[PDB]
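Below you will find the structure I want to go over with you.
Basis for what follows: all heavy atoms, side chains included, without hydrogens, waters or symmetry-related copies. Along the sequence shown, residues are numbered consecutively beginning with 1.
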Amino acid sequence: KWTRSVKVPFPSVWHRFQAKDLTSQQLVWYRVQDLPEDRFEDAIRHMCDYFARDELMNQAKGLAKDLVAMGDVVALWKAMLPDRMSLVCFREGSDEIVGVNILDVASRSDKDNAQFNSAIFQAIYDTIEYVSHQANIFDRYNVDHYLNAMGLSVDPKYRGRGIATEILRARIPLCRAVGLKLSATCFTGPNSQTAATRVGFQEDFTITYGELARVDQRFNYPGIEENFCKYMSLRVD
């Protein structure tokens, strides 16, 4: 089982960038860094407040109003956080979470047969897993591990600033530091796909939610049937 070495500084700052401040025409500095343990719950809440509400698949399934499905995704995130790989964005001058990306390491031996309480999250999970399996990352790149993710959340009052892009860009030094060659992720909506593209991720596999529903009845996403679900990969180093 892959583990992050304790010799890598923690928490480390991985990336810094300038973007529009909350109000003005003025730039300000932001950073992307390791998520400190004492901000774990804050991160979880941020994920519930925004990502759960706004991301395409979740919205199409009504996830944010469903307590059992929310309990599923939160259980998952909470299992992932102790790997110490998750990333958070702060604006210089403020301790408030701007964005967060819950990350872990996918390994060749993983069965990914996770079982959840809600039909809703089981369907989301199994959909991503189907897409991941079609992506065939381990054999395609001849690797045993890659940096994966289960959601990138950005506070709406900071959107339009390129924050998602920069949070993804931070994967590059993080992977170099922990010795991973590759990150891959299922990007579920148009702007997240745009962000990943701008960082240099390549499309591994793409398929509409309509087509996914033709693959398996459970993979039904009311209202986003023509949108694409894309597995995308980035070689670092």
Query raised in the report: So does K61 pair up with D66, basic N to acidic O under 4.0 Å?
Result: no

Query raised in the report: Is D204 paired with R140 through a side-chain N to carboxylate O contact shorter than 4.0 Å?
Result: yes

Query - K1 with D83: basic N within carboxylate O range, under 4.0 Å - result: no

Query raised in the report: Is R39 salt-bridged to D42, going by a charged N under 4.0 Å from an acidic O?
Result: yes

Report task. May I ask you to say whether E166 pairs ionically with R31, meaning some side-chain N is under 4.0 Å from a carboxylate O? Result -> no

Requested in this report: Answer yes when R176 and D237 have at least one side-chain N-carboxylate O distance shorter than 4.0 Å, and no when they do not.
Outcome: no

Report task. Can you see which heavy atom on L168 is nearest to which on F201, and at what distance? Result -> CB-CE1, 4.5 Å

Query - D155 bridged to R161 by N-O distance under 4.0 Å - result: no

Query raised in the report: Between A184 and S233, which heavy-atom pair has the shortest distance, and what is it?
Result: CB-CB, 3.9 Å

Query raised in the report: Under a 4.5 Å side-chain heavy-atom rule over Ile, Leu, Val, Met, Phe, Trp and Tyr, are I172 and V88 clustered together?
Result: no

Report summary line: On a heavy-atom basis, the closest approach of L81 and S86 is CD2-OG, 4.0 Å

Query raised in the report: Going by an N to O cut-off under 4.0 Å, is there a salt bridge joining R16 and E92?
Result: yes

Query raised in the report: Does a donor on one side chain and an acceptor on the other come within less than 3.5 Å for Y158 and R91?
Result: yes

Query - Shortest non-hydrogen separation from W14 to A170 and the atoms involved - result: CB-O, 4.0 Å

Report summary line: Separation between CG (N148) and CG (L103), nearest 0.5 Å, reads 8.5 Å

Report task. Tell me yes or no: between the side chains of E55 and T188, is some donor less than 3.5 Å from an acceptor? Result -> yes

Query raised in the report: Can you name the nearest heavy-atom pair linking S183 to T185, along with the distance?
Result: OG-OG1, 4.4 Å

